[PDB]
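Enquirer: Have a look at the structure that comes next, please.
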Amino acid sequence: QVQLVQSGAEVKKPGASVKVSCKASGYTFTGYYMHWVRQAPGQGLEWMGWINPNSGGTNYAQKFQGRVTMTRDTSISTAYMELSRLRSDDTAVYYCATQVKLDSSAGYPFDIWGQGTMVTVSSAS
Amino acid sequence: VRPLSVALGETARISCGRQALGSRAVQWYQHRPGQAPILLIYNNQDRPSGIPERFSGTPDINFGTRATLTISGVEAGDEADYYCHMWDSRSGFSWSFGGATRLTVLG
Amino acid sequence: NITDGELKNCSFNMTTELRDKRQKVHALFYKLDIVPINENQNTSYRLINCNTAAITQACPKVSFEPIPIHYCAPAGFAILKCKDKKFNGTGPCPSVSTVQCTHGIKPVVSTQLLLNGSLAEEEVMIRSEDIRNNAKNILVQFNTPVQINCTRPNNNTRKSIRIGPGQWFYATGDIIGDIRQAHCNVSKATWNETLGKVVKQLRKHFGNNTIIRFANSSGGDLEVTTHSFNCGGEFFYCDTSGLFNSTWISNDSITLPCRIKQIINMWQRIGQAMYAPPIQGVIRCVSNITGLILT
Amino acid sequence: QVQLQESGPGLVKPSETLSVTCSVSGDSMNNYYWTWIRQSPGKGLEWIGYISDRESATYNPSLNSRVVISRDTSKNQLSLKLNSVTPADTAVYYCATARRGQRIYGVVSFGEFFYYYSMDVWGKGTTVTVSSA
Ligand SMILES: *[C@@H]1O[C@H](CO)[C@@H](O[C@@H]2O[C@H](CO)[C@@H](O[C@@H]3O[C@H](CO[C@H]4O[C@H](CO[C@H]5O[C@H](CO)[C@@H](O)[C@H](O)[C@@H]5O[C@H]5O[C@H](CO)[C@@H](O)[C@H](O)[C@@H]5O)[C@@H](O)[C@H](OC5O[C@H](CO)[C@@H](O)[C@H](O)[C@@H]5O)[C@@H]4O)[C@@H](O)[C@H](O)[C@@H]3O)[C@H](O)[C@H]2NC(C)=O)[C@H](O)[C@H]1NC(C)=O
Ligand SMILES: *[C@@H]1O[C@H](CO)[C@@H](O[C@@H]2O[C@H](CO)[C@@H](O[C@H]3O[C@H](CO)[C@@H](O)[C@H](O)[C@@H]3O)[C@H](O)[C@H]2NC(C)=O)[C@H](O)[C@H]1NC(C)=O
Ligand SMILES: *[C@@H]1O[C@H](CO)[C@@H](OC2O[C@H](CO)[C@@H](O)[C@H](O)[C@H]2NC(C)=O)[C@H](O)[C@H]1NC(C)=O
Ligand SMILES: *[C@@H]1O[C@H](CO)[C@@H](O[C@@H]2O[C@H](CO)[C@@H](O)[C@H](O)[C@H]2NC(C)=O)[C@H](O)[C@H]1NC(C)=O
Ligand SMILES: *[C@@H]1O[C@H](CO)[C@@H](O[C@@H]2O[C@H](CO)[C@@H](O)[C@H](O)[C@H]2NC(C)=O)[C@H](O)[C@H]1NC(C)=O
Ligand SMILES: *[C@@H]1O[C@H](CO)[C@@H](O[C@H]2O[C@H](CO)[C@@H](O)[C@H](O)[C@H]2NC(C)=O)[C@H](O)[C@H]1NC(C)=O
Ligand SMILES: *[C@@H]1O[C@H](CO)[C@@H](O)[C@H](O)[C@H]1NC(C)=O
Ligand SMILES: *[C@@H]1O[C@H](CO)[C@@H](O)[C@H](O)[C@H]1NC(C)=O
Ligand SMILES: *[C@@H]1O[C@H](CO)[C@@H](O)[C@H](O)[C@H]1NC(C)=O
Ligand SMILES: *[C@@H]1O[C@H](CO)[C@@H](O)[C@H](O)[C@H]1NC(C)=O
Ligand SMILES: *[C@@H]1O[C@H](CO)[C@@H](O)[C@H](O)[C@H]1NC(C)=O
């Protein structure tokens, strides 16, 4: 079935790098884009960027310019997301979305989503 | 150590033992036993101050040639040991002067 | 022994026509076609592609030079050509003509920069499908071609060795001359004038007073981050960061470095990898850069 | 228009300090480089190393790196210190000057050039013979 699995992450300390995954199945993985979105607890959504797994061409917003890196391993149809030099306001939940099925041909909007992983940070233990 | 006997009136040509690979820059030196060594040619086409214009250098254009110092109109003063100094691109930094040659005149 | 590098000399065992004899041959390989296998920490190298896919050679009796190709419709159909000087991409076209079939087309492969295309008329063209969304590449076509000269000053040598009964294997046996990096030059004043023209034309779609800035590629590959093309029988990869490094508001030519690959994976697929034979002598390619592709 | 005149002990037992100073007479030094040359009877000239204003002291990779060159701007002199000498090291020592030039064949932006030193003005040179007697 068309779906996306993720891997839950533990709380990280400030100044560390997180590792986010997103694994798809079913439909062909090298045909459509894939976006990354974040949701803060008690606020609205905010878009992070979009990666094209066909050729590795990425494009992300200016809010995270120079701090996030997106890769892809099409040999096993999995994505990745790295982020170092963290802060305290980056406590949120992350999602990876696609546009596998829609009558229109434009890239937006995306409909299918995944489980999602809530990442939060703590200064001390 | 390699001698070369050329009588008076003949124009001789002495070359360097070690060949070069690529862009080249050769310097020449002359040394008499007991005297001080003085350069002859540098940059393969330049002439220093205080030398007769009888030693024609070897221009390095359209790489594929070699380096050789010729002597035109040899006199009594042109009889000593010669030294060749090579500087190229595919060898790095040259330290030693390498082998030398010795010229002898007849009559 | 160049003291403190782009290529490396590798020696290895190879078969012969006689099934019991084994010879030892040496060749030169570029740094982008070799991956270490030990890492702890000695030097024992291997190729890049035969961990995942197979490899075939391109015997040099054929050439890759692009030639004009006309697409001609069969008996019963027809082709309609529009001749509007303000064709923004979609909509009606007043001047329509019917031709037997089209003119020559040069199927040249390129990335981030079109080459040997068709010049516009009286203006530069800025086309796209939807401009108000960041999911469609935007095409730009100039009105005057810019000259660009790529060159690899090395002097290679083709060395052929036997690999079996009736087969042959070519390699770059030796480099004779001066080890230097292959580069590419582009005029500076013409480039700045063309960029001024294109930003003046682009200002029509984004308000009459805005700030336009350029930036280099984002990254994540070796084919869609640099400027990739082929000429003289060799594939180049020339960095293009020294071009989109300006900011616009309200005879000293530019140079660009280039790397060279041999084991390419063009026409993205699995199970196939095309080797490229080396070209003998020197290569010098002049081109008319005309296009632009911008996200 | 500079002349260099060297002075040394000449006879010294092995494994002691051998210092031969080459005093300078002429114009002041601001850009020229200096070099020492050793010549043994039966062997050619030995380019041991050069000195510059950047306190750079490099030598041949086969000279065991046991000799040091120094320059004092107070006395305006140049000296050398070579310890642990061997009686088989008798030779004449010249203190000369040299100039650095560059040769370009490719593109300067990528560093397709290389340097080379040429000794234009020379000195006199004296012979030092070391032994246990
Ligand atoms: C893409 O674009 C790039 C961008 O330019 C191109 O890159 C250049 O590429 C060319 C060739 O590929 C390359 O030229 C190479 O240059 C060397 C060196 O040239 C220098 O020196 C010689 C000789 O000189 C000395 O002596 C004269 C006379 O006494 C002095 O006036 C001079 O100052 C020099 O003194 C220097 O040495 C002294 C010690 O001897 C020292 O004391 C001094 O302090 C100095 O250091 C010059 O002749 C030469 O210049 C010339 O240019 C004139 C005008 O055009 C012409 O009349 C003659 O050519 C003249 O020689 C230069 O000054 C040459 O020897 C090589 O032959 C070669 O030309 C150049 O350096 C690269 N870089 C630049 C910035 O240009 C690239 O080629 C291009 N590629 C493609 C594919 O398009
Ligand atoms: C864009 O079009 C260019 C045509 O102007 C083309 O340049 C030509 O490319 C060839 C390929 O090697 C060069 O060499 C050809 O011509 C020489 C002439 O002696 C032949 O000996 C060679 O065998 C070969 O046929 C040309 O010199 C070069 N220029 C011209 C004027 O023909 C570019 O290659 C094209 N761009 C790309 C990316 O392909
Ligand atoms: C590459 O290197 C080749 C080998 O030296 C060289 O070839 C020859 O050209 C020189 C120069 O005229 C001749 O003297 C020689 O006889 C030639 N030999 C052969 C076998 O052809 C090439 O000229 C070099 N490449 C370039 C572009 O100069
Ligand atoms: C790569 O290594 C090979 C073998 O070590 C080199 O081939 C020889 O090169 C040396 C130069 O150091 C010559 O003395 C030999 O005569 C050559 N042949 C053999 C059979 O050893 C090769 O030159 C090296 N590559 C480069 C670019 O230097
Ligand atoms: C690319 O190569 C062409 C061909 O050499 C260059 O064109 C010429 O320019 C030089 C000097 O600028 C003139 O001596 C030639 O007569 C010109 N020939 C032609 C046919 O126009 C061109 O300048 C090179 N590009 C760059 C940026 O230097
Ligand atoms: C695009 O241009 C930027 C401009 O600097 C390049 O920037 C940086 O990254 C380098 C290595 O990753 C660092 O060494 C620089 O210090 C750093 N500079 C800045 C201002 O951040 C970037 O590498 C270029 N990208 C590509 C793909 O070439
Ligand atoms: C095959 O048999 C022959 C018999 O002489 C022997 O010499 C040879 O070594 C054998 N095969 C190989 C390649 O060893
Ligand atoms: C061939 O392999 C043997 C051992 O596998 C090795 O000793 C030898 O060096 C190889 N040949 C060459 C030319 O390196
Ligand atoms: C082209 O013009 C038509 C006419 O209004 C318009 O609908 C369309 O959006 C335009 N497209 C572009 C890419 O300018
Ligand atoms: C881009 O332009 C700036 C302007 O000063 C310059 O410092 C920088 O070196 C340029 N980048 C490249 C890659 O040339
Ligand atoms: C490149 O432009 C020049 C100038 O218009 C033209 O003469 C040349 O034919 C063009 N190149 C090609 C391959 O058409």
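Going through the structure tokens in order, the chains are called A, B, and so on, while each chain numbers its residues from 1 and the ligands are numbered from 1 in the order shown.
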What are the residues of chain B that have an atom within 10 Å of an atom of chain C, counting only C-alpha atoms, as a list in words?
Expert: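 Result, ordered by chain then number: residues 21, 22, 23, 63, 64, 88, 89, 90, 91, 92 and 93 of chain B.
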Enquirer: Could you list, as a list in words, all protein and nucleic acid residues with an atom at most 10 Å from ligand 9, counting only C-alpha atoms and all ligand atoms?
Expert: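 If we count only C-alpha atoms and all ligand atoms, the neighbours of ligand 9 turn out to be residues 86, 87, 88, 89, 90, 91, 92, 126, 127, 128, 129, 130, 131, 132, 138 and 205 of chain C.
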Enquirer: Export, as a PDB file, in the first residue's frame, the selected residues with N, CA, C and O atoms.
Expert:
```
ATOM      1  N   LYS C  86       6.007  37.004 -29.879  1.00  0.00           N
ATOM      2  CA  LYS C  86       5.669  37.187 -28.472  1.00  0.00           C
ATOM      3  C   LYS C  86       4.961  35.951 -27.937  1.00  0.00           C
ATOM      4  O   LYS C  86       4.028  36.044 -27.133  1.00  0.00           O
ATOM      5  N   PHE C  87       5.394  34.775 -28.381  1.00  0.00           N
ATOM      6  CA  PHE C  87       4.805  33.515 -27.933  1.00  0.00           C
ATOM      7  C   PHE C  87       5.264  33.240 -26.508  1.00  0.00           C
ATOM      8  O   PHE C  87       6.370  32.743 -26.282  1.00  0.00           O
ATOM      9  N   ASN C  88       4.412  33.555 -25.536  1.00  0.00           N
ATOM     10  CA  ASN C  88       4.769  33.404 -24.133  1.00  0.00           C
ATOM     11  C   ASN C  88       4.682  31.964 -23.645  1.00  0.00           C
ATOM     12  O   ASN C  88       4.946  31.713 -22.464  1.00  0.00           O
ATOM     13  N   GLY C  89       4.316  31.019 -24.508  1.00  0.00           N
ATOM     14  CA  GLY C  89       4.335  29.619 -24.136  1.00  0.00           C
ATOM     15  C   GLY C  89       3.028  28.885 -24.351  1.00  0.00           C
ATOM     16  O   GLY C  89       3.028  27.719 -24.755  1.00  0.00           O
ATOM     17  N   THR C  90       1.907  29.553 -24.094  1.00  0.00           N
ATOM     18  CA  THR C  90       0.602  28.913 -24.187  1.00  0.00           C
ATOM     19  C   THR C  90      -0.423  29.932 -24.653  1.00  0.00           C
ATOM     20  O   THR C  90      -0.472  31.049 -24.128  1.00  0.00           O
ATOM     21  N   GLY C  91      -1.236  29.548 -25.633  1.00  0.00           N
ATOM     22  CA  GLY C  91      -2.262  30.417 -26.155  1.00  0.00           C
ATOM     23  C   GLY C  91      -2.295  30.420 -27.669  1.00  0.00           C
ATOM     24  O   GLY C  91      -1.513  29.731 -28.331  1.00  0.00           O
ATOM     25  N   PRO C  92      -3.204  31.198 -28.246  1.00  0.00           N
ATOM     26  CA  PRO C  92      -3.310  31.249 -29.707  1.00  0.00           C
ATOM     27  C   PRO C  92      -2.096  31.915 -30.337  1.00  0.00           C
ATOM     28  O   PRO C  92      -1.350  32.659 -29.698  1.00  0.00           O
ATOM     29  N   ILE C 126      11.738  34.412 -21.617  1.00  0.00           N
ATOM     30  CA  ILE C 126      11.680  33.868 -20.265  1.00  0.00           C
ATOM     31  C   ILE C 126      10.403  33.039 -20.180  1.00  0.00           C
ATOM     32  O   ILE C 126       9.301  33.582 -20.033  1.00  0.00           O
ATOM     33  N   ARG C 127      10.535  31.720 -20.292  1.00  0.00           N
ATOM     34  CA  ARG C 127       9.387  30.832 -20.367  1.00  0.00           C
ATOM     35  C   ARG C 127       9.339  29.901 -19.162  1.00  0.00           C
ATOM     36  O   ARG C 127      10.360  29.612 -18.531  1.00  0.00           O
ATOM     37  N   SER C 128       8.137  29.436 -18.855  1.00  0.00           N
ATOM     38  CA  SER C 128       7.889  28.469 -17.790  1.00  0.00           C
ATOM     39  C   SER C 128       6.462  27.963 -17.953  1.00  0.00           C
ATOM     40  O   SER C 128       5.744  28.372 -18.874  1.00  0.00           O
ATOM     41  N   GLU C 129       6.046  27.074 -17.055  1.00  0.00           N
ATOM     42  CA  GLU C 129       4.667  26.606 -17.003  1.00  0.00           C
ATOM     43  C   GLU C 129       3.852  27.357 -15.960  1.00  0.00           C
ATOM     44  O   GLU C 129       2.784  27.891 -16.270  1.00  0.00           O
ATOM     45  N   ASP C 130       4.348  27.416 -14.727  1.00  0.00           N
ATOM     46  CA  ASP C 130       3.755  28.224 -13.669  1.00  0.00           C
ATOM     47  C   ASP C 130       4.885  28.921 -12.930  1.00  0.00           C
ATOM     48  O   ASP C 130       5.760  28.258 -12.368  1.00  0.00           O
ATOM     49  N   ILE C 131       4.873  30.254 -12.942  1.00  0.00           N
ATOM     50  CA  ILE C 131       5.946  31.002 -12.300  1.00  0.00           C
ATOM     51  C   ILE C 131       5.708  31.167 -10.806  1.00  0.00           C
ATOM     52  O   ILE C 131       6.674  31.266 -10.038  1.00  0.00           O
ATOM     53  N   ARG C 132       4.454  31.164 -10.363  1.00  0.00           N
ATOM     54  CA  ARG C 132       4.112  31.455  -8.979  1.00  0.00           C
ATOM     55  C   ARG C 132       4.238  30.246  -8.058  1.00  0.00           C
ATOM     56  O   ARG C 132       3.666  30.261  -6.962  1.00  0.00           O
ATOM     57  N   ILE C 138      12.541  26.933 -14.799  1.00  0.00           N
ATOM     58  CA  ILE C 138      12.266  28.065 -15.675  1.00  0.00           C
ATOM     59  C   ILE C 138      13.317  28.111 -16.774  1.00  0.00           C
ATOM     60  O   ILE C 138      14.524  28.054 -16.501  1.00  0.00           O
ATOM     61  N   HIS C 205       7.971  40.225 -14.448  1.00  0.00           N
ATOM     62  CA  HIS C 205       7.135  39.237 -13.780  1.00  0.00           C
ATOM     63  C   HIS C 205       7.190  39.323 -12.261  1.00  0.00           C
ATOM     64  O   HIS C 205       6.414  38.636 -11.591  1.00  0.00           O
TER      65      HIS C 205
END
```
Enquirer: If you run DSSP on this backbone, which residues of range 43-107 of chain D come out as strand (DSSP E or B), and could you give them as JSON, numbers by chain?
Expert: {"D": [45, 46, 47, 48, 49, 50, 51, 58, 59, 67, 68, 69, 70, 71, 72, 77, 78, 79, 80, 81, 82, 91, 92, 93, 94, 95, 96, 97, 98, 99, 100, 101, 102, 103, 104]}
Enquirer: If we count only C-alpha atoms, what is near residue 8 in chain A at a cut-off of 12 Å, once residues fewer than 6 positions away on the same chain are taken out, given as JSON, numbers by chain?
Expert: {"A": [18, 19, 20, 21, 22, 93, 94, 95, 115, 116, 117, 118, 119, 120]}
Enquirer: What are the residues of chain D lining chain B at 8 Å or less? Count only C-alpha atoms, and put the answer as number ranges by chain.
Expert: D: 44-47, 60, 105, 114, 116, 118-120, 122-125
Enquirer: Distance limit 12 Å, atoms considered: only C-alpha atoms. Which chain A residues sit that close to chain C? Return them as a PyMOL selection string.
Expert: chain A and resi 30+32-35+49-61+65-66+68-75+105-109
Enquirer: Would you put the residues from that selection into a file with C-alpha atoms, as an mmCIF file, in the first residue's frame?
Expert:
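Written file, again-v7.cif:
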```cif
data_model
loop_
_atom_site.group_PDB
_atom_site.id
_atom_site.type_symbol
_atom_site.label_atom_id
_atom_site.label_comp_id
_atom_site.auth_asym_id
_atom_site.auth_seq_id
_atom_site.Cartn_x
_atom_site.Cartn_y
_atom_site.Cartn_z
ATOM 1 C CA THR A 30 12.202 7.670 -8.520
ATOM 2 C CA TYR A 32 7.920 12.063 -7.854
ATOM 3 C CA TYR A 33 9.283 14.679 -5.468
ATOM 4 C CA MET A 34 9.311 14.419 -1.677
ATOM 5 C CA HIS A 35 8.780 17.282 0.765
ATOM 6 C CA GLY A 49 12.232 21.858 1.633
ATOM 7 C CA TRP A 50 11.808 19.400 -1.207
ATOM 8 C CA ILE A 51 14.150 16.741 -2.581
ATOM 9 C CA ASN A 52 13.940 14.985 -5.944
ATOM 10 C CA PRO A 53 15.183 11.395 -5.459
ATOM 11 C CA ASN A 54 15.553 10.906 -9.222
ATOM 12 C CA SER A 55 18.658 13.106 -9.480
ATOM 13 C CA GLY A 56 19.331 14.350 -5.943
ATOM 14 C CA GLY A 57 18.441 17.955 -6.751
ATOM 15 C CA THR A 58 17.251 19.621 -3.548
ATOM 16 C CA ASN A 59 15.754 22.996 -2.677
ATOM 17 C CA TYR A 60 14.969 24.204 0.842
ATOM 18 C CA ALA A 61 13.589 27.385 2.366
ATOM 19 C CA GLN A 65 19.617 27.666 4.677
ATOM 20 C CA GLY A 66 23.072 26.379 5.540
ATOM 21 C CA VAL A 68 20.183 21.100 6.864
ATOM 22 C CA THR A 69 21.444 18.435 4.455
ATOM 23 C CA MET A 70 19.197 16.058 2.508
ATOM 24 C CA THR A 71 20.444 12.891 0.812
ATOM 25 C CA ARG A 72 18.951 9.780 -0.802
ATOM 26 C CA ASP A 73 19.838 6.103 -1.280
ATOM 27 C CA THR A 74 17.646 4.898 -4.143
ATOM 28 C CA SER A 75 19.190 1.415 -3.890
ATOM 29 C CA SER A 105 -0.339 17.577 -12.490
ATOM 30 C CA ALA A 106 1.069 20.418 -10.372
ATOM 31 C CA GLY A 107 3.433 19.592 -7.533
ATOM 32 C CA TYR A 108 1.139 21.137 -4.923
ATOM 33 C CA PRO A 109 -0.703 20.256 -2.811
#
```
Enquirer: Could you check the closest approach to ligand 7 for each of C:18, C:272, C:238, C:51 and tell me which residue wins, using only C-alpha atoms and all ligand atoms?
Expert: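 The closest residue to ligand 7 is C:18.
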Enquirer: Contacts of residue 97 in chain D at 12 Å or less, counting only C-alpha atoms, minus same-chain residues fewer than 3 places along, as a list in words?
Expert: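 The neighbour list is residues 38 of chain B; 1, 2, 3, 4, 22, 24, 29, 31, 32, 33, 34, 35, 36, 37, 49, 50, 51, 52, 78, 94, 100, 117, 118, 119, 120, 121, 122 and 123 of chain D.
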Enquirer: Neighbouring residues of ligand 2 are defined here as those with any atom at most 8 Å from a ligand atom, counting only C-alpha atoms and all ligand atoms; list them as a list in words.
Expert: residues 65, 66, 108, 109, 110, 115, 116, 229, 230, 231, 232, 233, 283, 284, 285, 286, 287 and 288 of chain C
Enquirer: Compile the residues of chain C that lie within 12 Å of chain D, evaluated using only C-alpha atoms, and express the compilation as a PyMOL selection string.
Expert: chain C and resi 3-4+152-154+177-185+254-258
Enquirer: Calculate how many Å separate CA of residue 113 in chain C from CA of residue 216 in chain C, rounding to one decimal.
Expert: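 According to the coordinates, CA of residue 113 in chain C and CA of residue 216 in chain C are separated by 13.1 Å.
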Enquirer: Within 12 Å of residue 92 in chain A, counting only C-alpha atoms, which residues qualify if same-chain residues fewer than 2 places away don't, as a ChimeraX atom specification?
Expert: /A:9,11,37-46,87-90,94-95,116-121
Enquirer: Kindly work out which residues sit at most 12 Å from ligand 7, using only C-alpha atoms and all ligand atoms, and give the list as a PDB file with C-alpha atoms, in the first residue's frame.
Expert:
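Dumped to pocket_29.pdb:
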```pdb
ATOM      1  CA  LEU C  18      46.663 -18.090 -23.823  1.00  0.00           C
ATOM      2  CA  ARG C  19      44.459 -19.159 -20.924  1.00  0.00           C
ATOM      3  CA  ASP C  20      47.406 -19.976 -18.633  1.00  0.00           C
ATOM      4  CA  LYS C  21      49.648 -16.928 -19.107  1.00  0.00           C
ATOM      5  CA  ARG C  22      49.196 -13.838 -16.938  1.00  0.00           C
TER       6      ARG C  22
END
```
Enquirer: Find the residues of chain C that sit at most 12 Å from ligand 11; for each, write down the nearest two atoms and how far apart they are in Å, to one decimal. Count only C-alpha atoms and all ligand atoms. Sort by chain, then by number going up, and give it as a Markdown table.
Expert:
```
| residue | atom | partner | partner_atom_place_in_ligand_line | distance |
| --- | --- | --- | --- | --- |
| C:66 | CA | ligand 11 | 13 (C) | 11.0 |
| C:67 | CA | ligand 11 | 13 (C) | 11.1 |
| C:68 | CA | ligand 11 | 13 (C) | 11.4 |
| C:104 | CA | ligand 11 | 14 (O) | 11.9 |
| C:105 | CA | ligand 11 | 14 (O) | 11.7 |
| C:106 | CA | ligand 11 | 13 (C) | 9.9 |
| C:108 | CA | ligand 11 | 13 (C) | 11.7 |
| C:115 | CA | ligand 11 | 13 (C) | 8.9 |
| C:116 | CA | ligand 11 | 13 (C) | 5.7 |
| C:117 | CA | ligand 11 | 14 (O) | 8.1 |
| C:118 | CA | ligand 11 | 14 (O) | 8.5 |
| C:119 | CA | ligand 11 | 5 (O) | 8.9 |
| C:120 | CA | ligand 11 | 5 (O) | 11.7 |
| C:142 | CA | ligand 11 | 2 (O) | 12.0 |
| C:143 | CA | ligand 11 | 5 (O) | 10.2 |
| C:144 | CA | ligand 11 | 5 (O) | 7.2 |
| C:145 | CA | ligand 11 | 2 (O) | 5.6 |
| C:146 | CA | ligand 11 | 2 (O) | 7.4 |
| C:147 | CA | ligand 11 | 1 (C) | 6.9 |
| C:148 | CA | ligand 11 | 1 (C) | 9.7 |
| C:149 | CA | ligand 11 | 1 (C) | 11.7 |
| C:285 | CA | ligand 11 | 13 (C) | 10.8 |
| C:286 | CA | ligand 11 | 11 (N) | 8.4 |
| C:287 | CA | ligand 11 | 13 (C) | 6.6 |
| C:288 | CA | ligand 11 | 1 (C) | 4.9 |
| C:289 | CA | ligand 11 | 1 (C) | 8.4 |
| C:290 | CA | ligand 11 | 1 (C) | 9.3 |
```
Enquirer: Taking only C-alpha atoms and all ligand atoms into account, report as a PDB file with N, CA, C and O atoms, in the first residue's frame which residues have an atom no farther than 9 Å from an atom of ligand 10.
Expert:
```pdb
ATOM      1  N   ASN C 216      25.007  29.782  -6.402  1.00  0.00           N
ATOM      2  CA  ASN C 216      25.470  28.556  -7.031  1.00  0.00           C
ATOM      3  C   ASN C 216      24.523  27.403  -6.703  1.00  0.00           C
ATOM      4  O   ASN C 216      23.554  27.549  -5.952  1.00  0.00           O
ATOM      5  N   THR C 240      30.433  25.823 -12.209  1.00  0.00           N
ATOM      6  CA  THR C 240      29.820  27.054 -12.690  1.00  0.00           C
ATOM      7  C   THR C 240      29.521  28.031 -11.558  1.00  0.00           C
ATOM      8  O   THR C 240      28.654  28.897 -11.707  1.00  0.00           O
ATOM      9  N   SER C 241      30.224  27.915 -10.430  1.00  0.00           N
ATOM     10  CA  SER C 241      29.981  28.828  -9.319  1.00  0.00           C
ATOM     11  C   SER C 241      30.469  30.236  -9.629  1.00  0.00           C
ATOM     12  O   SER C 241      29.932  31.207  -9.087  1.00  0.00           O
ATOM     13  N   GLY C 242      31.467  30.369 -10.496  1.00  0.00           N
ATOM     14  CA  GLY C 242      32.025  31.667 -10.815  1.00  0.00           C
ATOM     15  C   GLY C 242      31.186  32.484 -11.776  1.00  0.00           C
ATOM     16  O   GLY C 242      31.670  33.465 -12.347  1.00  0.00           O
ATOM     17  N   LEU C 243      29.929  32.091 -11.967  1.00  0.00           N
ATOM     18  CA  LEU C 243      29.020  32.803 -12.856  1.00  0.00           C
ATOM     19  C   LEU C 243      27.843  33.417 -12.117  1.00  0.00           C
ATOM     20  O   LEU C 243      27.571  34.612 -12.280  1.00  0.00           O
ATOM     21  N   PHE C 244      27.135  32.635 -11.307  1.00  0.00           N
ATOM     22  CA  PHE C 244      25.973  33.131 -10.569  1.00  0.00           C
ATOM     23  C   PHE C 244      26.387  33.577  -9.165  1.00  0.00           C
ATOM     24  O   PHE C 244      25.926  33.063  -8.147  1.00  0.00           O
ATOM     25  N   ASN C 245      27.276  34.565  -9.134  1.00  0.00           N
ATOM     26  CA  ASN C 245      27.875  35.086  -7.908  1.00  0.00           C
ATOM     27  C   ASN C 245      27.791  36.606  -7.887  1.00  0.00           C
ATOM     28  O   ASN C 245      28.772  37.311  -7.641  1.00  0.00           O
ATOM     29  N   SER C 246      26.604  37.137  -8.167  1.00  0.00           N
ATOM     30  CA  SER C 246      26.391  38.574  -8.231  1.00  0.00           C
ATOM     31  C   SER C 246      25.143  38.941  -7.437  1.00  0.00           C
ATOM     32  O   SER C 246      24.473  38.084  -6.853  1.00  0.00           O
TER      33      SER C 246
END
```
Enquirer: Using 8 Å as the limit and counting only C-alpha atoms and all ligand atoms, can you tabulate each residue of chain C that touches ligand 4, with its shortest atom-to-atom distance in Å and the two atoms involved, as a Markdown table?
Expert:
```
| residue | atom | partner | partner_atom_place_in_ligand_line | distance |
| --- | --- | --- | --- | --- |
| C:1 | CA | ligand 4 | 28 (O) | 6.5 |
| C:8 | CA | ligand 4 | 27 (C) | 6.9 |
| C:9 | CA | ligand 4 | 1 (C) | 4.3 |
| C:10 | CA | ligand 4 | 1 (C) | 6.4 |
| C:11 | CA | ligand 4 | 2 (O) | 7.0 |
| C:26 | CA | ligand 4 | 3 (C) | 6.4 |
| C:27 | CA | ligand 4 | 1 (C) | 7.4 |
| C:28 | CA | ligand 4 | 27 (C) | 7.2 |
| C:174 | CA | ligand 4 | 27 (C) | 6.6 |
| C:175 | CA | ligand 4 | 27 (C) | 7.1 |
```
Enquirer: Go ahead and write the residues just picked, N, CA and C atoms, as an mmCIF file, in the first residue's frame.
Expert:
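File again.cif, as written:
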```
data_model
loop_
_atom_site.group_PDB
_atom_site.id
_atom_site.type_symbol
_atom_site.label_atom_id
_atom_site.label_comp_id
_atom_site.auth_asym_id
_atom_site.auth_seq_id
_atom_site.Cartn_x
_atom_site.Cartn_y
_atom_site.Cartn_z
ATOM 1 N N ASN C 1 56.399 11.907 -9.697
ATOM 2 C CA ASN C 1 56.467 12.163 -8.264
ATOM 3 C C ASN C 1 56.256 13.641 -7.965
ATOM 4 N N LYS C 8 46.355 8.975 -11.190
ATOM 5 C CA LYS C 8 47.216 8.028 -10.496
ATOM 6 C C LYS C 8 47.560 6.868 -11.418
ATOM 7 N N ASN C 9 48.780 6.353 -11.290
ATOM 8 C CA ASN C 9 49.219 5.202 -12.066
ATOM 9 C C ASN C 9 48.933 3.916 -11.302
ATOM 10 N N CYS C 10 48.175 3.026 -11.936
ATOM 11 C CA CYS C 10 47.750 1.779 -11.318
ATOM 12 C C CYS C 10 48.320 0.623 -12.126
ATOM 13 N N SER C 11 48.825 -0.385 -11.424
ATOM 14 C CA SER C 11 49.336 -1.600 -12.041
ATOM 15 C C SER C 11 48.528 -2.802 -11.570
ATOM 16 N N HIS C 26 50.346 -1.646 -16.610
ATOM 17 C CA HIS C 26 50.117 -0.415 -15.871
ATOM 18 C C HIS C 26 49.392 0.593 -16.754
ATOM 19 N N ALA C 27 48.617 1.467 -16.117
ATOM 20 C CA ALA C 27 47.856 2.482 -16.830
ATOM 21 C C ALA C 27 47.637 3.673 -15.910
ATOM 22 N N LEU C 28 46.962 4.692 -16.435
ATOM 23 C CA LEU C 28 46.649 5.903 -15.688
ATOM 24 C C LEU C 28 45.141 6.024 -15.522
ATOM 25 N N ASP C 174 50.360 7.086 -21.097
ATOM 26 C CA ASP C 174 51.236 8.060 -20.473
ATOM 27 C C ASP C 174 50.820 9.469 -20.848
ATOM 28 N N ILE C 175 51.170 10.424 -20.000
ATOM 29 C CA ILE C 175 50.881 11.810 -20.271
ATOM 30 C C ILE C 175 52.251 12.386 -20.526
#
```
